[PDB]
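Participant: This is the structure I want to talk about, given as C-alpha cells.
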Amino acid sequence: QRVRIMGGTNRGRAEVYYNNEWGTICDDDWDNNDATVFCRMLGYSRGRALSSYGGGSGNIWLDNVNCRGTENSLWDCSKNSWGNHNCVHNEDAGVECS
Ligand SMILES: [Mg+2]
Ligand SMILES: [Mg+2]
C-alpha cells in the first residue's frame with residue numbers, strides 16, 4: 001500500500017502504487033478528508049485537497065475517492081474501482097500536507 005507526493009516538498013500531486021505502476025488520482029470529489037488520509041500515510045497529520053494539480057502521466061488509478069477522513073489507509077476508503085475513471089491528467093489530484 002504505497003503512496004507518494006510528486007511536485008514540491010509539503011505539496012504535490014498525489015500518486016498511488018497499484019497494478020505494478022505508480023499512477024495518479026483523478027480529482028472528481030477529491031476533498032480534504034481524502035487529502036488528510038493520503039498525507040497521514042506519509043507521516044503528516046492532515047492535508048488540504050488540491051484540485052487539478054495536474055502533470056502526471058501513465059495510468060490514472062483512482063477516481064471519486066470518498067474517505068471519511070479517519071482511515072489509516074487510502075485502501076480502506078470508499079472509491080471507484082481501480083482504473084475506472086473518466087479523467088485526463090490535468091485533473092490529477094494533489095495535496096498540501098501539514
Ligand atoms: Mg472531472
Ligand atoms: Mg471525496
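The chains in the C-alpha cells are called A, B, ... from first to last as shown; in each chain the residues are counted from 1, and the ligands are counted from 1 in the order shown.
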Set the cut-off to 8 Å, count only C-alpha atoms and all ligand atoms, and list whatever residues fall near ligand 2 as a PyMOL selection string.
Facilitator: chain A and resi 28-34+64-67
Participant: Residues near residue 82 in chain A, anyone? I mean within 12 Å using only C-alpha atoms, not counting same-chain ones fewer than 3 positions away, as number ranges by chain.
Facilitator: A: 16-19, 23-26, 59-65, 75, 78-79, 85
Participant: Nearest residue to ligand 1 out of A:89, A:4, A:40, A:48, using only C-alpha atoms and all ligand atoms?
Facilitator: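 Among the listed residues, the smallest separation from ligand 1 belongs to A:89.
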Participant: Name the residues, by chain letter and number, that sit within 7 Å of ligand 1 using only C-alpha atoms and all ligand atoms, and give them as a compact mmCIF listing (two decimals) with C-alpha atoms, in the first residue's frame.
Facilitator:
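New file part_10.txt:
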```txt
# COMPACT_ATOMS: atom_id res chain seq x y z
CA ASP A 27 -9.79 14.91 -8.57
CA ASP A 28 -13.55 14.18 -9.00
CA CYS A 87 -10.45 11.81 -16.46
CA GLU A 91 -7.35 16.60 -13.35
```
Participant: Rounded to one decimal place, report the CA of residue 37 in chain A-CA of residue 49 in chain A distance in Å.
Facilitator: 10.6 Å
